[PDB]
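For reference, the structure discussed in these notes is given below.
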Amino acid sequence: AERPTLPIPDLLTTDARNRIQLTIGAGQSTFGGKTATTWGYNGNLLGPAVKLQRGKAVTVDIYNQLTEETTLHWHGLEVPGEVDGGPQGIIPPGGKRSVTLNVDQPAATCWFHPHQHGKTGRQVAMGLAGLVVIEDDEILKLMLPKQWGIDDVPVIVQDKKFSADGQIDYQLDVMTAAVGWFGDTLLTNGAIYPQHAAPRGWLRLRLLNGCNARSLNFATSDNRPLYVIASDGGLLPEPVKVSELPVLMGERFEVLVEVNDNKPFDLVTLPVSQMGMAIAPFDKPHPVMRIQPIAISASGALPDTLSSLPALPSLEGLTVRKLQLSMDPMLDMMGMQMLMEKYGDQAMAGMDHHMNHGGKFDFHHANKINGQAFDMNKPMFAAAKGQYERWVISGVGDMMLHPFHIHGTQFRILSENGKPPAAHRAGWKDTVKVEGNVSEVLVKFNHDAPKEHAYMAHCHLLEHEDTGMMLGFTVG
Ligand SMILES: [Cu+2]
Ligand SMILES: [Cu+2]
Ligand SMILES: [Cu+2]
Ligand SMILES: [Cu+2]
């Protein structure tokens with residue numbers, strides 16, 4: 001049979017009352033011909049792309065039609081804590097919450113997802129994620145590929161696994177609390193190995209790693225390069241040519257790739273050096289989508305310059321914050337042992353060369369920052385507003401992968417896991433790799449966040465977050 005076409009999320013803008021309506025609900029999807037219960041925003045799975053303009057406010061009405069509580073966070077958007085949608089931003093089942101977003105950051109591809117306390121991994125795994133397209137006056141002048149669903153397309157890449165009855169097989173247990181929830185099936189905007197018909201010339205892909213725990217590494221099947229034009233928080237100063245593009249959980253990159261007549265190619269993901277993630281079929285390059293060239297000229301450009309990136313400022317005298325990530329050694333050892341017993345040596349491929357003892361020993365609070373599993377009631381510190389700070393995040397002490405995300409900002413990486421950042425990671429980022437080593441970022445918070453609606457800082461390996469690897473902080 002033919003490949004399904006790549007689903008394209010609807011690009012949503014405000015009504016005359018300046019409102020966007022998002023309904024959160026459950027329905028059915030089909031994978032490999034089997035029905036599964038799934039959750040979506042304005043539909044059964046995944047979500048729309050909300051279009052925002054810098055300097056304009058919009059109001060979002062969010063209707064929770066689930067039978068459990070949820071929250072809605074705008075990952076990558078710089079907004080006050082009151083509308084950030086972290087764990088404190090509860091929307092009761094059957095209820096509605098509205099937020100007004102005053103967009104004040106450069107053009108970028110952001111996304112939105114639940115942030116329910118202790119349950120974010122399950123709610124994302126069940127289907128909830130959407131996109132945010134921010135535009136500003138600067139990016140349209142570049143004449144990039146811009147026809148949504150034709151030469152400008154979002155690519156949300158996620159793994160799942162399913163039980164024999166067809167349902168999503170999600171569990172937060174001792175194994176996944178240590179190494180993450182991952183599966184054997186790869187979805188691309190919700191579809192298994194779709195094709196996308198693209199015109200001849202440049203194709204813009206807005207890539208999102210929407211996996212709970214799996215890192216990805218994009219490349220093309222015939223080794224044509226990818227031209228990175230933007231990261232999490234917006235355009236790079238100029239395109240950066242790469243042959244492969246690692247993408248951590250929750251990160252976005254936009255790339256341009258050439259489309260030539262008569263030569264279809266796949267976007268693929270290459271095996272990564274992360275525990276658990278190279279089990280067949282991920283032990284080999286895995287297709288993500290087929291690009292099918294169409295003999296119609298694409299009008300988009302790849303300009304030599306994209307934007308102006310300001311210099312880093314002097315670092316002397318800035319507040320330095322230490323964030324020590326950690327995992328309880330016993331539950332790290334027990335979850336890694338369960339991974340190895342289940343899959344054997346292949347669970348470490350590509351890597352470098354039972355009774356109840358009480359609540360003190362519960363894996364649900366085994367992962368921590370600065371010695372503390374996430375306490376919704378006690379922000380760990382008060383950060384300055386309108387001030388640059390240097391945050392130092394260490395994963396020394398274990399070897400798991402921790403893509404560390406800070407709400408309320410787009411930062412600059414100074415050191416990524418002990419090395420200067422790669423050029424395409426040197427611009428605006430909301431995520432930094434921490435793995436066995438130390439990262440340092442330069443952050444500034446432009447908006448307030450009070451104790452009652454604090455900003456989160458956390459590992460974006462969702463099962464780590466849900467079992468304590470998160471802190472709250474206030475601003476202002
Ligand atoms: Cu976020
Ligand atoms: Cu996030
Ligand atoms: Cu982590
Ligand atoms: Cu978050």
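The chains in the structure tokens are called A, B, ... from first to last as shown; in each chain the residues are counted from 1, and the ligands are counted from 1 in the order shown.
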Can you tell me which residues come within 12 Å of ligand 1 when counting only C-alpha atoms and all ligand atoms, ideally as a ChimeraX atom specification?
-> /A:72-79,81,83-87,110-115,232-233,249-251,403-410,429-431,454-460,470
Strand (DSSP E) per DSSP on the backbone: members of segment 134-261 of chain A, as a ChimeraX atom specification | /A:134-135,152-160,185-188,195-209,216-220,226-231,234-242,245-247,252-259
At a cut-off of 12 Å, can you tabulate as a tab-separated table every residue of segment 272-318 of chain A near segment 159-166 of chain A together with its closest atom pair and the distance in Å to one decimal, using only C-alpha atoms and ordering rows by chain then number?
residue	atom	partner	partner_atom	distance
A:277	CA	A:159	CA	10.5
A:281	CA	A:159	CA	11.6
A:282	CA	A:159	CA	10.5
A:286	CA	A:159	CA	11.6
A:288	CA	A:159	CA	10.7
Go ahead and save the picked residues with C-alpha atoms, as a PDB file, in the first residue's frame.
ATOM      1  CA  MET A 277      17.118   3.733  22.927  1.00  0.00           C
ATOM      2  CA  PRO A 281      14.211  -1.218  15.251  1.00  0.00           C
ATOM      3  CA  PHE A 282      16.072   1.826  16.666  1.00  0.00           C
ATOM      4  CA  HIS A 286      14.877   4.661  11.285  1.00  0.00           C
ATOM      5  CA  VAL A 288      10.701   9.409   9.960  1.00  0.00           C
TER       6      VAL A 288
END
Residues at most 7 Å from segment 14-26 of chain A, counting only C-alpha atoms, excluding those fewer than 4 positions away in the same chain, as a compact mmCIF listing (two decimals) with C-alpha atoms, in the first residue's frame?
# COMPACT_ATOMS: atom_id res chain seq x y z
CA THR A 37 -7.92 5.54 23.02
CA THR A 38 -5.98 8.77 22.59
CA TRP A 39 -6.20 12.35 23.80
CA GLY A 40 -5.93 15.54 21.73
CA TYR A 41 -6.46 19.23 21.58
CA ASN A 42 -9.28 20.10 19.11
CA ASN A 44 -8.41 12.95 19.03
CA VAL A 58 -4.51 36.81 22.35
CA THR A 59 -6.91 35.10 24.72
CA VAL A 60 -7.01 31.29 24.82
CA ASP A 61 -10.10 29.55 26.18
CA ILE A 62 -9.15 26.07 27.33
CA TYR A 63 -11.91 23.52 27.94
CA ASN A 64 -10.90 20.35 29.79
CA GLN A 65 -13.21 17.58 28.64
CA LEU A 66 -11.12 14.86 30.22
Selection within 10 Å of ligand 3 by only C-alpha atoms and all ligand atoms, output as number ranges by chain = A: 177-180, 213, 325-327, 367-368, 395, 398-404, 433-435, 458-470
Just the residues within 10 Å of residue 302 of chain A, please, counting only C-alpha atoms, with nothing from its chain fewer than 6 positions along; format it as a list in words.
->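 Counting only C-alpha atoms, the residues come to residues 142, 143, 144, 145, 201, 202, 203, 204, 227, 229, 238, 239, 255, 256 and 257 of chain A.
Among the candidates A:31, A:141, A:124, A:50, the one nearest to ligand 4 when counting only C-alpha atoms and all ligand atoms is A:124.
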Those of segment 127-296 of chain A in DSSP helix (DSSP H, G or I), formatted as a short mmCIF file (atom, residue, chain, number, x, y, z; two decimals) with C-alpha atoms, in the first residue's frame:
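Full text of out.cif as output:
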data_model
loop_
_atom_site.label_atom_id
_atom_site.label_comp_id
_atom_site.auth_asym_id
_atom_site.auth_seq_id
_atom_site.Cartn_x
_atom_site.Cartn_y
_atom_site.Cartn_z
CA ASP A 137 8.12 41.71 11.51
CA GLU A 138 11.67 40.57 10.96
CA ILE A 139 11.10 36.97 9.86
CA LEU A 140 8.62 37.67 7.06
CA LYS A 141 11.11 39.93 5.30
CA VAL A 174 10.79 1.65 38.70
CA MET A 175 12.26 1.02 35.25
CA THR A 176 10.75 4.03 33.50
CA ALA A 177 11.40 6.31 36.50
CA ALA A 178 15.11 5.56 35.86
CA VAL A 179 15.49 5.35 32.06
#
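Proximity ranking of A:248, A:198, A:191, A:133 relative to ligand 2 places A:248 first, based on only C-alpha atoms and all ligand atoms.
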Mind checking which residues fall within 12 Å of segment 419-427 of chain A, counting only C-alpha atoms, ignoring those fewer than 6 positions away in the same chain, and posting them as a PyMOL selection string?
-> chain A and resi 108+226-242+244-248+251-255+306-312+410-413+433-435+437-442
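Of note, atom CA of residue 279 of chain A and atom CA of residue 181 of chain A are spaced 13.2 Å apart.
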Atom CA of residue 351 of chain A to atom CA of residue 417 of chain A, distance in Å rounded to a single decimal |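 If I compute the distance from atom CA of residue 351 of chain A to atom CA of residue 417 of chain A, I get 16.5 Å.
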Looking at only C-alpha atoms and all ligand atoms, which of A:71, A:319, A:35, A:377 is the one that sits closest to ligand 4?
-> A:71
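Between residue 391 of chain A and the residues A:330, A:187, A:349, A:432, the shortest atom-to-atom distance, using only C-alpha atoms, involves A:432.
Minimum atom-to-atom distance to ligand 2, evaluated using only C-alpha atoms and all ligand atoms, belongs to A:210 out of A:28, A:106, A:210, A:95.
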Identify which of the residues A:6, A:90, A:168, A:208 lies closest to ligand 2, counting only C-alpha atoms and all ligand atoms when measuring atom-to-atom distances.
-> A:208
Between atom CA of residue 415 of chain A and atom CA of residue 314 of chain A, measure the distance and give it in Å to one decimal.
-> 15.1 Å
Counting only C-alpha atoms, what is within 12 Å of residue 291 of chain A, bar same-chain residues fewer than 4 positions away, as a PyMOL selection string?
-> chain A and resi 3-6+150-151+153+155+193-200+202-205+220-222+257-268+287
